[PDB]
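the sequence isn't on hand, but the structure is:
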């Protein structure tokens, strides 16, 4: 497990430092840099978007979204690169909606668990 | 950390299917396809090799090695993509030597533990 945790920490450092970042995502005018292989692995949407050029290298692939906010995409991509998803009642509905759009069943599951846990109040 | 396990399983499937493989490694006449970002994260040798072009895309980077065998590199790359290193009494010293060349301290440690526990 330590192998997997260290490796993903390194990939997270790489995307923060723009190393090997062959995918650009623009949300609300904000630019996110990331790796195609990680996104393809993590998202049914990116599997559909990136499949055509999966054996081509050259320009980075630039994808634009206006169906969710930059803050919401930050939370999703932070999870992709860490496995942690900070949620509150203020953002879990938006994150879950974006996870449906990006077809990320694991993020959807984390959101539903958070909602169920959060509602048990009394 | 089930996210971490699934993610690396997917990356392993990708390199087996030659998806997003921007690095080619030729060892003993045999071609290995892999990802630069994973290799840069996993090996001090590959970190140095791939640093020059880490923001340049285009041709895959091709590396060649003659200081270890294809079977030995298979074991190391399988570990890179799974966390499991297939060691035996036959190959443990060959794997350790390649891991020193590739500057992979985690693989060196696993080899030393294999030898140390061989008396148990």
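Noted; the coordinates are in hand. Numbers count the residues shown, from 1 in each chain, chains lettered A, B, ... in the order given.

for residue A:26, give its distance to chain B.
The gap separating residue A:26 from chain B is 18 Å, by CB to the nearest CB, to the nearest Å. For the C-beta atoms, the positions are set from N, CA and C on the backbone; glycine is no exception.

residue A:35 now?
5 Å.

what's the closest non-adjacent residue to that residue?
Setting aside the residues directly before and after it, residue A:35 is nearest to residue B:37 in space (CB to CB, 6 or more residues apart in numbering or on different chains), at 5.3 Å.

the one you found touches residue A:12, doesn't it?
No. Counting by CB atoms under 8 Å, residue B:37 stays clear of residue A:12, with 10.9 Å between them.

centroid residue for chain A?
When CA atoms, centre = their mean is applied to chain A, the residue found nearest the centroid is residue A:77 (3.0 Å).

quick one: secondary structure of that residue?
helix (DSSP: H, G, I helix; E, B strand; the rest coil).

I'd say it and residue A:33 touch.
No. Using CB under 8 Å, residue A:77 is not in contact with residue A:33; the gap is 9.7 Å.

okay, and the common contacts of these two?
Each of residue A:25 lies in contact with both residue A:77 and residue A:33 under the rule CB atoms under 8 Å, 6 or more residues apart in numbering or on different chains.

compute the number of surrounding residues for residue A:78.
14 (other CB atoms under 10 Å in any protein chain shown).

so what's it up against?
Counted by CB under 8 Å, 6+ apart, residue A:78 has contacts A:84-86.

which residues touch whichever strand or helix holds residue A:107?
Per DSSP states H and E: residue A:107 is located in helix A:105-119. The contact list for helix A:105-119, computed with CB under 8 Å, 6+ apart, reads A:44, A:76, A:79, A:85, A:87, A:89, A:92, A:95-96, A:99-100, B:2-3, B:6.

rerun that using 6 Å as the cut-off
A:85, A:87, A:92, A:95-96, A:99 (CB atoms under 6 Å, 6 or more residues apart in numbering or on different chains).

for stretch A:79-97, same thing?
With CB under 6 Å, 6+ apart, stretch A:79-97 has contacts from A:12, A:42, A:72, A:75, A:108, A:110-111, A:114, B:3-4.

show me which positions of that stretch end up buried.
A:79-81, A:83, A:85, A:87, A:91-92, A:94-96 (16 or more other CB atoms under 10 Å in any protein chain shown).

which among these gets closest to chain B?
Closest to chain B out of the buried residues of stretch A:79-97 is residue A:83 (3.9 Å), distances taken as CB to the nearest CB.

ok so that closest one is a helix residue?
No. Read with three-state DSSP, residue A:83 is coil and lies in no helix.
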